[PDB]
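J.: Build me a model from this:
(chains A and B, ligands or ions: 9)
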Amino acid sequence: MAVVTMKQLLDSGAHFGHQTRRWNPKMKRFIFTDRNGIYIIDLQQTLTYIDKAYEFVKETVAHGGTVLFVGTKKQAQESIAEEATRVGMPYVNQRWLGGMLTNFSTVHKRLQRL
RNA sequence: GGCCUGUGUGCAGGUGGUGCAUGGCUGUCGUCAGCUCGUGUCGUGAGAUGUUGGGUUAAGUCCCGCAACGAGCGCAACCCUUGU
Ligand SMILES: [Mg+2]
Ligand SMILES: [Mg+2]
Ligand SMILES: [Mg+2]
Ligand SMILES: [Mg+2]
Ligand SMILES: [Mg+2]
Ligand SMILES: [Mg+2]
Ligand SMILES: [Mg+2]
Ligand SMILES: [Mg+2]
Ligand SMILES: [Mg+2]
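T.: Numbers count the residues shown, from 1 in each chain, chains lettered A, B, ... in the order given. Ligands and ions are numbered 1, 2, ... in the order given. Sharing the structure here:
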């Protein structure tokens, strides 16, 4: 089950990877082929794992689970922030403070102060 | 009862000793700006981060990214005088 189709996935160009100086050998199984120094991701595996995460998140939301969105790259901060505020979900987009999850009691004081 | 003259009883009485046992008070480093704690994280262990680098100020006064998030004694203010 999917909503986003392969053709428009190619149009968006999500299959592109990094150069030959950064590829992790543990990602060889994912890697299909390299053309002009850029790797191509396996779209079948991508769709299957997207489906897996799809039912996982469906069950999590049905059972009442909370998911935090994390992203700091400049090119996605605005998009993540807009989507999170439209969907009413807590999010972080600009800076990740050290030990925010392992240390929640201390920052509870900061939240109460705010 | 108060007070004390003669006997003592305990005992008063000592600027006699011990600031290498002490209380309190005081001088210098220096009116220098440095010195700590809670949680977390890392390593086994004595431990490290926070307190690193750049900029700025008389000052750990402040800004920027960084496993750090906060707080404390200090710094300035609140007190006196002098200037209208
Ligand atoms: Mg003597
Ligand atoms: Mg002496
Ligand atoms: Mg000194
Ligand atoms: Mg350990
Ligand atoms: Mg150190
Ligand atoms: Mg240190
Ligand atoms: Mg620090
Ligand atoms: Mg120091
Ligand atoms: Mg200080």
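J.: interface residues of chain A facing RNA strand B?
T.: A:95, A:96, A:97, A:98, A:99, A:102, A:103, A:105, A:106, A:107, A:109, A:110 (CB under 7 Å from any atom of the strand). For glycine as for every other residue, the C-beta is placed from the backbone atoms N, C-alpha and C.
J.: so what's the backbone phi/psi at the residue nearest to the third one when sequence neighbours are not counted?
T.: Think residue A:97. Distances taken as CB to CB, 6 or more residues apart in numbering place residue A:107 nearest to residue A:97, at 7.9 Å, with adjacent residues excluded. Phi and psi for residue A:107, reported as degrees, to the nearest 10, are phi -80, psi -20.
J.: end to end, how far does stretch A:59-77 reach?
T.: 27 Å (CA to CA, to the nearest Å).
J.: For the residues of chain A next to RNA strand B, give me CSV that also has secondary structure and neighbour count.
T.: Output for the residues of chain A next to RNA strand B, formatted as CSV (DSSP: H, G, I helix; E, B strand; the rest coil; neighbours: other CB atoms under 10 Å):
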residue, secondary structure, neighbour count
A:95, coil, 6
A:96, coil, 11
A:97, coil, 9
A:98, coil, 6
A:99, coil, 10
A:102, coil, 6
A:103, coil, 11
A:105, helix, 6
A:106, helix, 9
A:107, helix, 13
A:109, helix, 9
A:110, helix, 9
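J.: would you turn these into JSON lines with distance to residue A:42?
T.: Formatted as JSON lines, the residues of chain A next to RNA strand B follow (distance: CB to CB, whole Å):
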{"residue": "A:95", "distance to residue A:42": "34"}
{"residue": "A:96", "distance to residue A:42": "30"}
{"residue": "A:97", "distance to residue A:42": "36"}
{"residue": "A:98", "distance to residue A:42": "36"}
{"residue": "A:99", "distance to residue A:42": "36"}
{"residue": "A:102", "distance to residue A:42": "35"}
{"residue": "A:103", "distance to residue A:42": "39"}
{"residue": "A:105", "distance to residue A:42": "43"}
{"residue": "A:106", "distance to residue A:42": "43"}
{"residue": "A:107", "distance to residue A:42": "40"}
{"residue": "A:109", "distance to residue A:42": "47"}
{"residue": "A:110", "distance to residue A:42": "44"}
